[PDB]
Amino acid sequence: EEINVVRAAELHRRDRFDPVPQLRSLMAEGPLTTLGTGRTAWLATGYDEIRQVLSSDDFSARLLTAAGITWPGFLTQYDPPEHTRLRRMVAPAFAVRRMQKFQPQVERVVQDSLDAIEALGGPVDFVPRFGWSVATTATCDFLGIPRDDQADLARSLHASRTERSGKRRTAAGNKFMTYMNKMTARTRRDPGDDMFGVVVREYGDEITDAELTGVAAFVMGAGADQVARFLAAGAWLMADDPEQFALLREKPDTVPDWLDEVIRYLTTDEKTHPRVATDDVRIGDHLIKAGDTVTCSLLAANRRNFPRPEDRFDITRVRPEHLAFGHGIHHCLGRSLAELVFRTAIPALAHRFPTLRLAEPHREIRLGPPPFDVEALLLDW
Amino acid sequence: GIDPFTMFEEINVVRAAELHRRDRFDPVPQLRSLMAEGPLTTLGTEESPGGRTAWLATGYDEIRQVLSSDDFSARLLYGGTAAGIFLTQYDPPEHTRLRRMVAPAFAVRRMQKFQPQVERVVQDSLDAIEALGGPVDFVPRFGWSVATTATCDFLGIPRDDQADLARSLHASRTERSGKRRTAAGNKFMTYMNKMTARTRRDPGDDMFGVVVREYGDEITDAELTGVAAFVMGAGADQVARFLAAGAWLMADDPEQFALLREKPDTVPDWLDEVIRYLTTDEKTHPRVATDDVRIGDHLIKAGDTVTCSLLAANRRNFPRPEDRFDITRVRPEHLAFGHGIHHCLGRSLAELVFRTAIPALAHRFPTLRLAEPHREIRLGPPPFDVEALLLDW
Ligand code: HEM
Ligand code: HEM
């Protein structure tokens, strides 16, 4: 049953922004297909069926010991009621009011990230200078990491995930986590105006150091990876189809749902973590036996009408429907922060470089392994 | 979010734990298969240039090589994990410096002196079981009763205090509520801080007084407290789980333990065989490679991790006849207490408790049996955790 998680990864590659032919074949086969098999690994590609799976109380997101021991603060490895307690304690850091009040700082992050790019001059790689820069600075600011330490903290996170020397990965992972631990200690003594502080002032000794460090490490990792990769993919979409984003730039009021369409089209997290069934559960016409796993294809759901015309990127589309942030109890806790950064950074780029385009538009943009990972994006203006 | 499969240390801890579940007393088929493959196999690899590999060592000699090598670190793994937040987290020189100061408390002469007290603890626990009447759960009534009392006596906690103090320590590590964790932790700490202050005024006969006499200045209060908490928490857990699994083995194979009770001098190494067969701590903490090392027919790169299967080493000939429990086996070999600089500090205490309590049980209840012979015994997550053991006699 473990090879079936490798198999899922293969189906979520991309032909530029499009899903690959292998996935399309499964999509047209039906809403729910077998990946492998008396236990069965299923892929859910139907919009309705995915929602049924992700919102059912007869599935667990657990791999298998209590989540808190090996995965403290890694929410998508908790089941209720432990999941419910921990998510309740961190959720107020992501409430609408705190997100609105964060918006001015996120605006400055994008403006300064754009001030650096213009000074450097075209052409220039937007993967590090726009994607990575905005994402890590915004996420560090949200956590209250002092500005003087962010560059080195962000460098150690990146090195821990990508370094070509395994030895240097270990050292960087240790550097990163020690810093997150020290942040937890400073909050416990003197809670500030940030995620750490908000959690500790509301709950205090109810949340443990392991939980708090765990959640903070997760938010840093999610913020740095998810937001950076999305912003890189957004800049590429801007370069590829600039007339649609000129409409955003000049007449944003006529396209109030624009961000949902970009999210739908790009789908930079293509699939959810496998869910294991705990009762026999009818899902559509299909029977999922207790012990089966179901992986949900968020790409399949959001791009369900590919390759027909209506699936093509249309920024004026009325109320775009997507499941890009999942569904049910594990739906993305960070959605409001991610969306704030995208709402701010994407139009800030359009206003700043209306004449944005690919430097070297002859050659293909190289993509890494999924999830959707633009490795370099050389743009001029 | 974050894909849990990209969490290198955590995902491979999980995979290693799954491999060290048990089918009654035996290794599961999945570990058996890896054992047959060779002395070292992969748990998993990060899929990128520079990606690290998590390895499982199952070969006896290869495990001794890994664990005696200076090119592996215990500290560097848990420092890259949110899960990693006493002695096993240290490398030399910190490891050496702390371990030398506490080692005198676990010396041979010290265990000889404690033996009469351990005999009394066993007899008291067995009297209480007898007074309850069958069927009795041997997990709380034999395993934990003996483990808690013997470990607290070793620390010199007065009998009146032991129940409350052990409860406090367990609360602080256990509860979901983090408020009750801090309250219980502070109750434990305030007691130990007084005990430390008392010891430093006049060193006594227990663990604290021995240490403070030989190394009083050079060891801190926090270090003393930390060692006590390990002995009372994790140490006691290890001992309780072993005694519960021992009692199960005795009920399961009464004829071999009848040999222990009637002709104990014919089976001088009996305890080494019981320990080998049961292997109630199935694996070591994962170590990070700090240099490249060739082991088996593989190259472990610096930054790769290795987890050693003590179960695999101890049960290396499973399922052949020679691996079966045989209390008369001459000089049984095992690595149940690890190897190299991190080898069990409490081995001699653990063995004294087992050497005393197991014969005591065999003599008291020669008719010991499962209460519900056909009902399966439920095992918790690794390490070897008998959840309930209803015995009668
Ligand atoms: C600062 C940015 C982000 C943070 C802090 C964040 C945080 C989280 C957290 C904590 C969860 C787990 C919630 C739970 O289990 O209860 C989660 C789940 C999820 N996030 Fe995010 N996230 C971020 C950005 C993104 C982005 C940009 C996407 C997609 C484009 C995304 C997609 C998801 C999905 C699909 C899940 C559900 C996973 C599943 O059910 O298996 N996240 N996120
Ligand atoms: C009163 C009982 C016990 C105490 C106080 C105790 C104490 C300790 C301590 C302090 C260490 C760390 C040593 C270091 O890093 O230098 C250790 C390691 C170890 N102990 Fe124990 N122990 C006890 C019982 C047991 C039992 C019953 C077993 C097995 C059946 C066991 C197996 C181990 C193993 C395998 C290690 C090494 C782990 C590794 O290298 O990663 N111990 N013990």
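Below, read A as the first sequence line, B as the second, and so on, with proteins coming before strands; counting in each chain starts at 1. Both ligands and their constituent atoms are indexed starting at 1 by order of listing.
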Participant: Quick check on contacts: which atoms of ligand 2 are under 4.0 angstrom from a heavy atom of B:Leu87?
Facilitator: 14 (C), 15 (O), 16 (O)
Participant: Under 4.0 Å, counting heavy atoms only: does A:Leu298 come that close to any atom of ligand 1?
Facilitator: yes
Participant: Run the numbers for me: atoms of ligand 2, each under 4.0 Å from some heavy atom of B:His95, listed by number.
Facilitator: 14 (C), 15 (O), 16 (O)
Participant: Examine the proximity of ligand 2 to B:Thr280 and report which part, side chain or backbone, both or neither, has a heavy atom under 4.0 Å away.
Facilitator: side chain
Participant: Mind checking whether A:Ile329 has a heavy atom under 4.0 Å from ligand 1?
Facilitator: yes
Participant: Using a 4.0 Å cutoff against the non-hydrogen atoms of B:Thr88, which atoms of ligand 2 qualify?
Facilitator: 12 (C), 15 (O)
Participant: Can you tell me which portion of B:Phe354 lies within the under-4.0 Å heavy-atom range of ligand 2? Options are side chain, backbone, both, or neither.
Facilitator: side chain
Participant: In the protein, which heavy atom is nearest to atom 1 (C) of ligand 1, and how far is it?
Facilitator: A:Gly223 CA, 3.4 Å
Participant: Is the closest side-chain heavy-atom distance between B:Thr88 and B:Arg75 below 4.5 Å?
Facilitator: no
Participant: Does the residue A:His327 have a heavy-atom contact with ligand 1, meaning some pair of atoms that are separated by less than 4.0 Å?
Facilitator: no
Participant: Heavy-atom count check: over 12 atoms from other residues, nucleotides or ligands less than 6.0 Å from A:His158 NE2?
Facilitator: no
Participant: Which residue and non-hydrogen atom of the protein lie closest to atom 10 (C) of ligand 1, and at what distance in Å?
Facilitator: A:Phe218 CE2, 3.4 Å
Participant: Check this for me - ligand 2, B:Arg99, N or O atoms closer than 3.5 angstrom, yes or no?
Facilitator: yes
Participant: What residue and heavy atom of the protein are closest to atom 38 (C) of ligand 1, and at what distance?
Facilitator: A:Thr76 OG1, 4.3 Å
Participant: Relative to atom 21 (Fe) of ligand 1, how many protein N, O or S atoms have a separation of less than 2.8 Å?
Facilitator: 2
Participant: Are any side-chain N or O atoms of B:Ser348 and backbone N or O atoms of B:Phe106, one a donor and one an acceptor, separated by less than 3.5 Å?
Facilitator: yes
Participant: Among all protein heavy atoms in this structure, tell me which lies nearest to atom 32 (C) of ligand 1, with the distance rounded to 0.1 Å.
Facilitator: A:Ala324 O, 3.7 Å
Participant: Counting only N and O atoms by type, is there a donor-acceptor contact under 3.5 Å from the side chain of B:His20 to the main-chain atoms of B:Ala17?
Facilitator: no
Participant: Using ring centroids (six-membered ring only for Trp), state whether A:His330 and A:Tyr78 fall under 6.0 Å.
Facilitator: no
Participant: Side chains of A:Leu212 and A:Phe196: does their closest heavy-atom pair fall under 4.5 Å?
Facilitator: yes
Participant: Would you check if the side chain of A:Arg62 reaches a backbone N or O of A:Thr76 as a donor-acceptor pair within less than 3.5 Å?
Facilitator: no
Participant: Under a 4.0 Å threshold between the charged nitrogen and the carboxylate oxygen, would A:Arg335 count as salt-bridged to A:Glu339?
Facilitator: yes
Participant: Taking only heavy atoms of A:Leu337 into account, list the atoms of ligand 1 that are under 4.0 Å away from them.
Facilitator: 1 (C)
Participant: For B:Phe25 and B:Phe384, take the angle between the two ring planes, folded into 0 to 90°, and tell me which bin it lands in: parallel under 30, tilted 30 to 60, perpendicular over 60.
Facilitator: parallel
Participant: Check A:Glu82 with A:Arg85, please: is the shortest side-chain N to carboxylate O separation under 4.0 Å?
Facilitator: no
Participant: I'd like to know if the side chain of B:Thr148 and the backbone of B:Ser145 have a donor-acceptor N/O pair within less than 3.5 Å.
Facilitator: no
Participant: Under a 3.5 Å distance rule, please check whether B:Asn314 uses its side chain to pair with a backbone N or O of B:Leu335 as donor and acceptor.
Facilitator: yes
Participant: Considering the heavy atoms of A:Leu75, write down every atom of ligand 1 situated less than 4.0 Å from one of them.
Facilitator: 14 (C), 15 (O), 16 (O)
Participant: I'd like to know if B:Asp272 and B:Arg276 make a salt bridge, using a cut-off of under 4.0 Å between side-chain N and carboxylate O.
Facilitator: no
Participant: Should A:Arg275 be listed as contacting ligand 1, given a heavy-atom distance under 4.0 Å as the test?
Facilitator: yes
Participant: Please work out whether the ring planes of B:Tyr277 and B:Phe325 are parallel, tilted or perpendicular, with thresholds of 30° and 60°.
Facilitator: tilted
Participant: Under 4.0 angstrom from ligand 2, any heavy atom of B:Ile275?
Facilitator: no
Participant: Is it the side chain, the backbone, both or neither of A:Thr272 that has a heavy atom closer than 4.0 Å to ligand 1?
Facilitator: both
Participant: As an exercise, identify every atom of ligand 2 less than 4.0 angstrom from a heavy atom of B:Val239.
Facilitator: 1 (C), 2 (C)
Participant: On a heavy-atom basis, I'd like to know which of B:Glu282, B:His285, B:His342 is closest to atom 13 (C) of ligand 2.
Facilitator: B:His342
Participant: Is it the side chain, the backbone, both or neither of B:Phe242 that has a heavy atom closer than 4.0 Å to ligand 2?
Facilitator: neither
Participant: Taking the side chain from B:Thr6 and the backbone from B:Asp3, do they hold a donor-acceptor pair closer than 3.5 Å?
Facilitator: yes
Participant: Please name the pair of heavy atoms, one in B:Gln115 and one in B:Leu352, separated by the smallest distance, quoted to 0.1 Å.
Facilitator: CG-CD1, 3.7 Å
